Amino acid sequence: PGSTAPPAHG
Amino acid sequence: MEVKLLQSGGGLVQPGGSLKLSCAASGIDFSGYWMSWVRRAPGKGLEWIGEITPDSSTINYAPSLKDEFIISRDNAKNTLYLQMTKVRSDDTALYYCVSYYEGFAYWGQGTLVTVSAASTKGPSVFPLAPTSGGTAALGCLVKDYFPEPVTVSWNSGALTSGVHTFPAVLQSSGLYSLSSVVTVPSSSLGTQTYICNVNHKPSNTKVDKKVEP
Amino acid sequence: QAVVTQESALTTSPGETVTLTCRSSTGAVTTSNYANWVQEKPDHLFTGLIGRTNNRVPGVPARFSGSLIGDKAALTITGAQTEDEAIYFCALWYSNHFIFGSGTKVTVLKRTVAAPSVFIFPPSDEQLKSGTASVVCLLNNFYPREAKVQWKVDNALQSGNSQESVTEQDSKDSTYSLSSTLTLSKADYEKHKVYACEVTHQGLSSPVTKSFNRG
């Protein structure tokens, strides 16, 4: 499982 | 590697039809990115359509639009999809796919979707007949044509300075209207002839119109 | 059924600070709204500036900063540059969807104010021979962009029957021009006599009115 780019919201 | 979201799809579609838009990602690990679809309509601003997580577990929509759009993705093909169903006039806009990096970070070039039942119509070209401080203003009104675009020249191109061809507006009838204007010496109003050359290619219409005082 | 509101327009000079606000109809704007700021320069060039209230998109200059001011979200541009003239949209997060605000037009003054030259055109007799009359008002070579056009038929203010268009910023003059069209039925046009275009712009100390009578 690689990372996830940070979304525009949480 | 330079990033690029290449969009394809779109065009003119009849009220109630369906479209599918594609967004192929290049230069990023598409698999670990939140993707989103937004749109930009002439009189409106940006409107957020929706978003999808890298695994497709979660797909969020704008409540007003959730029964009209379907967002999906194929990470093996590095592609994001927007499916439009039962479209209406208010869906006419430029649609963009966006990649989230703390914000709307990466954008595609945009895909135009025009929703209209209008038939191809050539324009009617009326004069805008002419004064401020030796300056006069004249032009042509290119009305009731479909679809876009229209081109306008003056005196077959020999006249260019002081020329403003404005963006078309969409009237309630579903037809476009556009204006082209030129300022000239008022000296010239009686010693030069002014003609606007209008080309509406979609309907094979070419009209030359003389503007007189 | 949430409306995000912003300032219509803001004007600044290069080097001054611009503050844009973003308001929610539901209530106060919190960090749970993850305020996002997007910039649109001419020719539909969209750039992400801020996300999650405060987080800059990597590489965006630090002269753009996102914050909360009171119960609103805010984008501050410190030392705004001529490059920063654009429309700034904010988006607020509402649990499961983003709503964008109507956007703010930020002007970064690059030249002196120019009052528009105002011209009025009555319907052509050709167009009259069909069942429509269109009266066109032209605001020529004005700066900055903010302008208002009001249509008046026999001193009566009109609504819902006009549409207007603006050119892009001139390469040479940095100016704009605007075209407004009032559309009426040949009957409605011939019923009244005086057609007036009222123009408000910052280069005019009072509104200019251009008028014509029928015949």
# chains A, B, ... in the order shown; residues from 1 in each chain; ligands from 1
>>> select_by_dssp(residues="range 19-210 of chain C", states="helix (DSSP H, G or I)", output="count of residues only")
17
>>> residues_around(residues="range 8-24 of chain C", least_positions_apart="6", cutoff="9 Å", atoms="only C-alpha atoms", output="number ranges by chain")
C: 2, 35, 68-69, 71-82, 87-92, 101-110, 144, 146
>>> closest_residue(among="B:137, B:198, B:158, B:189", to="chain C", atoms="only C-alpha atoms")
B:137
>>> interface_residues(of="chain A", to="chain C", cutoff="8 Å", atoms="only C-alpha atoms", output="PyMOL selection string")
chain A and resi 8-10
>>> interface_residues(of="chain B", to="chain A", cutoff="8 Å", atoms="only C-alpha atoms", output="ChimeraX atom specification")
/B:32-34,54,100-104
>>> write_last_selection(atoms="C-alpha atoms", output="compact mmCIF listing (two decimals), in the first residue's frame")
# COMPACT_ATOMS: atom_id res chain seq x y z
CA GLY B 32 -2.81 7.57 -5.36
CA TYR B 33 -4.71 10.73 -6.21
CA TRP B 34 -8.12 12.07 -5.35
CA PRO B 54 -8.03 6.58 -5.50
CA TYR B 100 -6.04 17.18 -5.46
CA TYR B 101 -2.67 18.03 -3.92
CA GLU B 102 -3.79 19.89 -0.78
CA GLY B 103 -6.02 21.79 -3.17
CA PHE B 104 -7.27 21.78 -6.71
>>> residues_around(residues="residue 14 in chain B", least_positions_apart="3", cutoff="6 Å", atoms="only C-alpha atoms", output="list in words")
residues 17, 115, 116 and 117 of chain B
>>> select_by_dssp(residues="range 77-164 of chain C", states="strand (DSSP E)", output="PyMOL selection string")
chain C and resi 77+86-93+98-100+104-108+117-121+132-142+148-153+156-157+162-164
>>> closest_atom_pairs(of="chain B", to="chain C", cutoff="9 Å", atoms="only C-alpha atoms", output="CSV")
residue,atom,partner,partner_atom,distance
B:40,CA,C:44,CA,8.8
B:44,CA,C:102,CA,7.3
B:45,CA,C:102,CA,5.6
B:46,CA,C:100,CA,6.2
B:47,CA,C:100,CA,5.8
B:48,CA,C:98,CA,5.9
B:49,CA,C:98,CA,8.2
B:50,CA,C:97,CA,7.0
B:51,CA,C:97,CA,8.4
B:60,CA,C:96,CA,5.9
B:61,CA,C:97,CA,5.9
B:62,CA,C:97,CA,5.3
B:63,CA,C:97,CA,7.6
B:64,CA,C:1,CA,8.5
B:100,CA,C:51,CA,8.9
B:101,CA,C:57,CA,6.4
B:102,CA,C:51,CA,5.2
B:103,CA,C:51,CA,4.1
B:104,CA,C:48,CA,4.9
B:105,CA,C:48,CA,5.1
B:106,CA,C:48,CA,7.6
B:107,CA,C:46,CA,7.3
B:109,CA,C:45,CA,8.7
B:110,CA,C:44,CA,8.9
B:124,CA,C:127,CA,8.5
B:125,CA,C:127,CA,8.6
B:126,CA,C:124,CA,6.2
B:127,CA,C:124,CA,6.1
B:128,CA,C:121,CA,5.9
B:129,CA,C:121,CA,6.7
B:130,CA,C:121,CA,7.5
B:131,CA,C:119,CA,7.4
B:132,CA,C:117,CA,7.5
B:136,CA,C:119,CA,8.7
B:137,CA,C:119,CA,7.0
B:138,CA,C:121,CA,8.5
B:141,CA,C:136,CA,8.7
B:164,CA,C:167,CA,7.0
B:165,CA,C:167,CA,7.3
B:166,CA,C:167,CA,5.4
B:167,CA,C:165,CA,5.8
B:168,CA,C:165,CA,7.0
B:169,CA,C:165,CA,6.8
B:170,CA,C:163,CA,8.6
B:171,CA,C:163,CA,8.0
B:178,CA,C:165,CA,8.4
B:179,CA,C:179,CA,7.3
B:180,CA,C:179,CA,8.9
B:181,CA,C:138,CA,8.3
B:183,CA,C:140,CA,8.9
>>> write_last_selection(atoms="C-alpha atoms", output="PDB file, in the first residue's frame")
ATOM      1  CA  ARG B  40     -17.395  26.638 -15.576  1.00  0.00           C
ATOM      2  CA  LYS B  44     -22.035  31.125 -13.464  1.00  0.00           C
ATOM      3  CA  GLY B  45     -18.715  30.607 -11.753  1.00  0.00           C
ATOM      4  CA  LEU B  46     -16.836  27.462 -10.989  1.00  0.00           C
ATOM      5  CA  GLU B  47     -19.188  24.697  -9.911  1.00  0.00           C
ATOM      6  CA  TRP B  48     -17.933  21.559  -8.153  1.00  0.00           C
ATOM      7  CA  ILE B  49     -19.468  18.428  -9.630  1.00  0.00           C
ATOM      8  CA  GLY B  50     -17.827  15.689  -7.592  1.00  0.00           C
ATOM      9  CA  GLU B  51     -14.781  13.706  -6.497  1.00  0.00           C
ATOM     10  CA  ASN B  60     -18.940  12.386  -3.492  1.00  0.00           C
ATOM     11  CA  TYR B  61     -21.377  14.483  -5.535  1.00  0.00           C
ATOM     12  CA  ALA B  62     -23.046  17.853  -5.261  1.00  0.00           C
ATOM     13  CA  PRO B  63     -26.570  17.100  -3.974  1.00  0.00           C
ATOM     14  CA  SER B  64     -28.228  19.046  -6.791  1.00  0.00           C
ATOM     15  CA  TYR B 100      -6.035  17.184  -5.465  1.00  0.00           C
ATOM     16  CA  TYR B 101      -2.674  18.029  -3.919  1.00  0.00           C
ATOM     17  CA  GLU B 102      -3.791  19.888  -0.778  1.00  0.00           C
ATOM     18  CA  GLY B 103      -6.020  21.792  -3.175  1.00  0.00           C
ATOM     19  CA  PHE B 104      -7.265  21.784  -6.714  1.00  0.00           C
ATOM     20  CA  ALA B 105      -3.703  21.262  -7.849  1.00  0.00           C
ATOM     21  CA  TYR B 106      -3.579  19.863 -11.401  1.00  0.00           C
ATOM     22  CA  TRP B 107      -6.079  20.753 -14.152  1.00  0.00           C
ATOM     23  CA  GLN B 109      -7.323  21.576 -20.624  1.00  0.00           C
ATOM     24  CA  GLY B 110     -11.122  21.607 -20.434  1.00  0.00           C
ATOM     25  CA  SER B 124     -28.986  37.979 -39.882  1.00  0.00           C
ATOM     26  CA  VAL B 125     -26.625  40.962 -40.091  1.00  0.00           C
ATOM     27  CA  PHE B 126     -28.073  44.418 -39.257  1.00  0.00           C
ATOM     28  CA  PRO B 127     -26.183  47.730 -39.356  1.00  0.00           C
ATOM     29  CA  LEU B 128     -25.231  49.814 -36.332  1.00  0.00           C
ATOM     30  CA  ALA B 129     -25.335  53.180 -38.106  1.00  0.00           C
ATOM     31  CA  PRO B 130     -23.344  56.240 -36.815  1.00  0.00           C
ATOM     32  CA  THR B 131     -20.222  60.680 -32.693  1.00  0.00           C
ATOM     33  CA  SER B 132     -17.634  61.813 -30.088  1.00  0.00           C
ATOM     34  CA  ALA B 136     -17.726  58.079 -34.808  1.00  0.00           C
ATOM     35  CA  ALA B 137     -18.732  54.537 -33.828  1.00  0.00           C
ATOM     36  CA  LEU B 138     -20.397  52.103 -36.243  1.00  0.00           C
ATOM     37  CA  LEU B 141     -25.177  43.149 -35.239  1.00  0.00           C
ATOM     38  CA  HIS B 164     -13.799  45.311 -31.225  1.00  0.00           C
ATOM     39  CA  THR B 165     -15.637  42.100 -31.991  1.00  0.00           C
ATOM     40  CA  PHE B 166     -17.472  41.178 -28.826  1.00  0.00           C
ATOM     41  CA  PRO B 167     -18.224  37.739 -27.381  1.00  0.00           C
ATOM     42  CA  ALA B 168     -21.575  36.336 -28.361  1.00  0.00           C
ATOM     43  CA  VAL B 169     -24.446  36.176 -25.892  1.00  0.00           C
ATOM     44  CA  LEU B 170     -26.933  33.304 -25.831  1.00  0.00           C
ATOM     45  CA  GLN B 171     -30.471  34.624 -26.064  1.00  0.00           C
ATOM     46  CA  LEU B 178     -22.896  39.131 -31.394  1.00  0.00           C
ATOM     47  CA  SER B 179     -21.803  42.666 -32.151  1.00  0.00           C
ATOM     48  CA  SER B 180     -18.752  44.086 -33.902  1.00  0.00           C
ATOM     49  CA  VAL B 181     -17.883  47.777 -33.598  1.00  0.00           C
ATOM     50  CA  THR B 183     -14.485  53.819 -34.236  1.00  0.00           C
TER      51      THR B 183
END
>>> atom_distance(atom1="CA of residue 74 in chain B", atom2="CA of residue 93 in chain B")
24.7 Å
>>> atom_distance(atom1="CA of residue 113 in chain B", atom2="CA of residue 97 in chain B")
13.7 Å
>>> residues_around(residues="residue 151 in chain B", least_positions_apart="2", cutoff="8 Å", atoms="only C-alpha atoms", output="list in words")
residues 149, 153, 198, 199 and 200 of chain B
>>> write_last_selection(atoms="N, CA, C and O atoms", output="PDB file, in the first residue's frame")
ATOM      1  N   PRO B 149     -18.920  29.102 -34.049  1.00  0.00           N
ATOM      2  CA  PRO B 149     -18.688  30.537 -33.910  1.00  0.00           C
ATOM      3  C   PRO B 149     -19.056  31.319 -35.150  1.00  0.00           C
ATOM      4  O   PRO B 149     -19.539  30.782 -36.154  1.00  0.00           O
ATOM      5  N   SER B 153     -14.892  40.520 -40.061  1.00  0.00           N
ATOM      6  CA  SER B 153     -13.823  41.387 -40.541  1.00  0.00           C
ATOM      7  C   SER B 153     -14.458  42.664 -41.076  1.00  0.00           C
ATOM      8  O   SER B 153     -15.670  42.729 -41.277  1.00  0.00           O
ATOM      9  N   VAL B 198     -19.050  38.815 -42.617  1.00  0.00           N
ATOM     10  CA  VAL B 198     -19.444  37.861 -41.586  1.00  0.00           C
ATOM     11  C   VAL B 198     -19.422  36.456 -42.164  1.00  0.00           C
ATOM     12  O   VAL B 198     -20.038  36.186 -43.210  1.00  0.00           O
ATOM     13  N   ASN B 199     -18.734  35.561 -41.476  1.00  0.00           N
ATOM     14  CA  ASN B 199     -18.679  34.166 -41.887  1.00  0.00           C
ATOM     15  C   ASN B 199     -19.201  33.289 -40.757  1.00  0.00           C
ATOM     16  O   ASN B 199     -18.662  33.319 -39.642  1.00  0.00           O
ATOM     17  N   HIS B 200     -20.270  32.541 -41.037  1.00  0.00           N
ATOM     18  CA  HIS B 200     -20.787  31.508 -40.146  1.00  0.00           C
ATOM     19  C   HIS B 200     -20.640  30.179 -40.878  1.00  0.00           C
ATOM     20  O   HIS B 200     -21.526  29.767 -41.640  1.00  0.00           O
TER      21      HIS B 200
END
>>> decode(residues="range 86-125 of chain B", atoms="N, CA and C atoms", output="compact mmCIF listing (two decimals), in the first residue's frame")
# COMPACT_ATOMS: atom_id res chain seq x y z
N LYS B 86 -29.37 12.56 -19.06
CA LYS B 86 -30.51 13.47 -19.10
C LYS B 86 -30.06 14.92 -18.90
N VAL B 87 -29.22 15.39 -19.82
CA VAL B 87 -28.66 16.73 -19.68
C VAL B 87 -29.70 17.79 -20.04
N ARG B 88 -29.45 19.02 -19.58
CA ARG B 88 -30.31 20.16 -19.84
C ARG B 88 -29.46 21.38 -20.18
N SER B 89 -30.12 22.49 -20.52
CA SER B 89 -29.41 23.70 -20.94
C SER B 89 -28.39 24.13 -19.90
N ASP B 90 -28.75 24.07 -18.62
CA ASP B 90 -27.82 24.54 -17.62
C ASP B 90 -26.56 23.69 -17.55
N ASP B 91 -26.49 22.58 -18.28
CA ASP B 91 -25.27 21.79 -18.26
C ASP B 91 -24.25 22.28 -19.28
N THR B 92 -24.63 23.23 -20.14
CA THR B 92 -23.68 23.83 -21.06
C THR B 92 -22.55 24.50 -20.30
N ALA B 93 -21.32 24.04 -20.51
CA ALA B 93 -20.19 24.65 -19.80
C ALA B 93 -18.88 24.02 -20.24
N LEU B 94 -17.78 24.54 -19.70
CA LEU B 94 -16.48 23.89 -19.82
C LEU B 94 -16.27 23.01 -18.59
N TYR B 95 -16.05 21.71 -18.82
CA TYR B 95 -15.82 20.75 -17.75
C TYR B 95 -14.33 20.48 -17.60
N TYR B 96 -13.85 20.45 -16.35
CA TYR B 96 -12.45 20.22 -16.01
C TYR B 96 -12.32 19.09 -15.00
N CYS B 97 -11.34 18.22 -15.22
CA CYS B 97 -10.90 17.27 -14.21
C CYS B 97 -9.72 17.88 -13.44
N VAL B 98 -9.73 17.70 -12.13
CA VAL B 98 -8.72 18.28 -11.24
C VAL B 98 -8.17 17.17 -10.36
N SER B 99 -6.87 17.25 -10.11
CA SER B 99 -6.12 16.40 -9.20
C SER B 99 -5.85 17.17 -7.91
N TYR B 100 -6.24 16.58 -6.78
CA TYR B 100 -6.04 17.18 -5.46
C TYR B 100 -4.60 16.98 -4.98
N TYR B 101 -3.88 18.07 -4.74
CA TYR B 101 -2.67 18.03 -3.92
C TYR B 101 -2.83 19.18 -2.92
N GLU B 102 -3.45 18.89 -1.79
CA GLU B 102 -3.79 19.89 -0.78
C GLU B 102 -4.81 20.90 -1.30
N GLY B 103 -5.03 20.92 -2.60
CA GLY B 103 -6.02 21.79 -3.17
C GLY B 103 -6.31 21.31 -4.57
N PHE B 104 -7.04 22.12 -5.32
CA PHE B 104 -7.27 21.78 -6.71
C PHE B 104 -5.95 22.04 -7.42
N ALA B 105 -5.10 21.02 -7.50
CA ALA B 105 -3.70 21.26 -7.85
C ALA B 105 -3.45 21.18 -9.35
N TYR B 106 -3.87 20.09 -9.98
CA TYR B 106 -3.58 19.86 -11.40
C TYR B 106 -4.88 19.90 -12.20
N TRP B 107 -4.87 20.58 -13.35
CA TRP B 107 -6.08 20.75 -14.15
C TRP B 107 -5.89 20.28 -15.59
N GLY B 108 -6.96 19.74 -16.17
CA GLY B 108 -6.96 19.39 -17.57
C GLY B 108 -7.31 20.59 -18.43
N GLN B 109 -7.16 20.43 -19.74
CA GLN B 109 -7.32 21.58 -20.62
C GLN B 109 -8.78 22.01 -20.78
N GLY B 110 -9.73 21.21 -20.31
CA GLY B 110 -11.12 21.61 -20.43
C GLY B 110 -11.82 20.97 -21.62
N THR B 111 -13.10 20.62 -21.45
CA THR B 111 -13.94 20.06 -22.50
C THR B 111 -15.26 20.80 -22.54
N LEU B 112 -15.60 21.36 -23.70
CA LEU B 112 -16.85 22.10 -23.84
C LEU B 112 -18.00 21.15 -24.11
N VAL B 113 -19.09 21.32 -23.37
CA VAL B 113 -20.33 20.59 -23.58
C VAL B 113 -21.43 21.62 -23.81
N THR B 114 -22.05 21.57 -24.98
CA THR B 114 -23.16 22.46 -25.31
C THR B 114 -24.43 21.62 -25.41
N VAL B 115 -25.44 21.97 -24.61
CA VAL B 115 -26.73 21.28 -24.59
C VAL B 115 -27.78 22.21 -25.21
N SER B 116 -28.25 21.88 -26.40
CA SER B 116 -29.24 22.71 -27.08
C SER B 116 -29.95 21.88 -28.15
N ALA B 117 -31.25 22.10 -28.29
CA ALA B 117 -32.03 21.48 -29.35
C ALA B 117 -32.12 22.35 -30.58
N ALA B 118 -31.35 23.43 -30.65
CA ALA B 118 -31.47 24.39 -31.74
C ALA B 118 -30.95 23.80 -33.04
N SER B 119 -31.52 24.25 -34.14
CA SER B 119 -31.06 23.86 -35.46
C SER B 119 -30.02 24.84 -35.97
N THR B 120 -29.19 24.36 -36.90
CA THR B 120 -28.20 25.22 -37.54
C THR B 120 -28.89 26.37 -38.25
N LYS B 121 -28.54 27.60 -37.87
CA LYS B 121 -29.12 28.78 -38.49
C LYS B 121 -28.01 29.78 -38.76
N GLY B 122 -28.00 30.32 -39.97
CA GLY B 122 -27.10 31.39 -40.30
C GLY B 122 -27.60 32.67 -39.68
N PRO B 123 -26.72 33.63 -39.46
CA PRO B 123 -27.11 34.88 -38.80
C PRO B 123 -27.79 35.85 -39.75
N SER B 124 -28.57 36.77 -39.18
CA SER B 124 -28.99 37.98 -39.88
C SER B 124 -28.08 39.12 -39.44
N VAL B 125 -27.64 39.94 -40.38
CA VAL B 125 -26.63 40.96 -40.09
C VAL B 125 -27.22 42.34 -40.33
